[PDB]
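Computed from heavy atoms alone, side chains included, the values below leave out hydrogens, waters and symmetry copies. Counting begins at 1 with the first residue of the sequence.
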Amino acid sequence: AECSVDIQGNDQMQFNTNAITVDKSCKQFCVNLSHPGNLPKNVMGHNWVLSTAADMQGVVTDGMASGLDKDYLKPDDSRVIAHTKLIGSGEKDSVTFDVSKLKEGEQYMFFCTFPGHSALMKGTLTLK
Ligand SMILES: [Cu+2]
């Protein structure tokens, strides 16, 4: 619970938190994403996708283009630090990543890459 967070994406196209802080002393960090609400993945899909603020736009744009079967993520996208898969209602998914992939003083953003969603479905992550 020191090195992990629980996040929900619902049918209102929103995350239930908008800022995550990763403690420097964590060796690894975990995000658990769940999808309450009742809409299917093809219509209201949420992933939890992490990049630098600088790369967010590019990741969203290219993810948009890659289609549903690719979880709206460009395959092998180098800008994606960590991601869950794309989930629909009733589903849940985890991602654990090495905290050493982060550095102090850089601004990270987490976002959903289902088309259109990142407008509302974004938040900050920073390494303290
Ligand atoms: Cu979404």
Do the side chains of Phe97 and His83 get nearer than 4.5 Å, heavy atoms only? no

Is the shortest heavy-atom distance from the side chain of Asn47 to the side chain of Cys112 under 4.5 Å? yes

For a side chain to side chain contact (heavy atoms under 4.5 Å, CB included) check, start with the C-alpha distance between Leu127 and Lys24, then their side-chain angles and the critical distance, and finish with the verdict. CA-CA 6 Å; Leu127 182 73; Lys24 262 157 45 175; 3.9 Å; yes

Write down the atom of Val95, the atom of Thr84, and the distance for their closest heavy-atom approach. CG1-CG2, 3.8 Å

Are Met56 and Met121 in one and the same hydrophobic cluster, where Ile, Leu, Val, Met, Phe, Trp and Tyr link if side-chain heavy atoms are under 4.5 Å apart? no

Measure the shortest side-chain to side-chain distance between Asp62 and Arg79 over non-hydrogen atoms and say whether it is less than 4.5 angstrom. yes

From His46 NE2 over to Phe111 CZ, what is the distance, rounded to the nearest 0.5 angstrom? 15.5 Å

Please determine whether side chain to side chain contact (heavy atoms under 4.5 Å, CB included) holds for the pair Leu125 and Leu102, giving the CA-CA distance in whole Å, both sets of side-chain angles, and the decisive distance to 0.1 Å. CA-CA 10 Å; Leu125 180 151; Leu102 301 183; 3.6 Å; yes

Distance check, rounded to the nearest 0.5 Å: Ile81 atom CD1 versus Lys101 atom NZ? 9.0 Å

Is there a chain of hydrophobic side chains (I, L, V, M, F, W, Y, each step under 4.5 Å between heavy atoms) that links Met13 to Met64? no

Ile20 vs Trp48 side-chain heavy atoms within contact, under 4.5 Å: yes

Okay, side chain of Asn10, backbone of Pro36: is any donor-acceptor separation there less than 3.5 Å? no

Quick one: closest heavy-atom pair of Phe15 and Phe110, and the distance? CD1-CE1, 3.6 Å

Side-chain contact test, heavy atoms from C-beta onward, threshold under 4.5 Å: evaluate it for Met44 versus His117 and give yes or no. yes

What I want to check is whether the side chains of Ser25 and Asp23 have a donor and an acceptor closer together than 3.5 Å. yes

Output the distance between atom CD (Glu106) and atom OG1 (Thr126), rounded to the nearest 0.5 Å. 11.5 Å

Between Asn32 and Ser94, a side-chain donor and acceptor under 3.5 Å: yes

Atom OG1 of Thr113 and atom CG of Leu86: how far apart are they, to the nearest 0.5 Å? 6.5 Å

Identify the two heavy atoms, one from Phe114 and one from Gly45, that lie closest to each other, and give their separation to 0.1 Å. CB-O, 3.1 Å

Is the side chain of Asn16 donor-acceptor paired with the backbone N or O of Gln8 at a distance under 3.5 Å, no angle test? yes

Approximate separation, where rounding is to 0.5 Å, of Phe29 CZ and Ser4 OG: 6.5 Å

Would you call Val31 and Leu50 a side-chain contact if the rule is heavy atoms closer than 4.5 Å? no

Membership question, hydrophobic clusters at under 4.5 Å side-chain separation (ILVMFWY): are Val22 and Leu33 in the same one? yes

Any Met109 side-chain heavy atom under 4.5 Å of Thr124 side chain: yes

Residues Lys41, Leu68; criterion side chain to side chain contact (heavy atoms under 4.5 Å, CB included); working and verdict: CA-CA 9 Å; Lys41 164 175 74 174; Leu68 177 59; 4.1 Å; yes

Would you kindly confirm whether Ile7 and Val59 end up in one hydrophobic cluster when ILVMFWY residues are joined by side chain heavy atoms under 4.5 Å apart? no

Hey, what do you get for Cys3 versus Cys26: SG atoms under 2.5 Å apart or not? yes

Hey, quick one: are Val60 and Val49 part of the same hydrophobic cluster, counting side-chain heavy atoms closer than 4.5 Å, chains of contacts allowed? yes

Start with the C-alpha gap between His35 and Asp11, add the side-chain angles, then the distance that decides, and say whether side chain to side chain contact (heavy atoms under 4.5 Å, CB included) holds. CA-CA 8 Å; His35 194 318; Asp11 290 339; 3.4 Å; yes

Separation between NZ (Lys92) and NZ (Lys85), nearest 0.5 Å, reads 9.5 Å

Taking the side chain as every heavy atom from C-beta outward, state whether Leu120 and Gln12 have any pair of such atoms under 4.5 Å apart. no

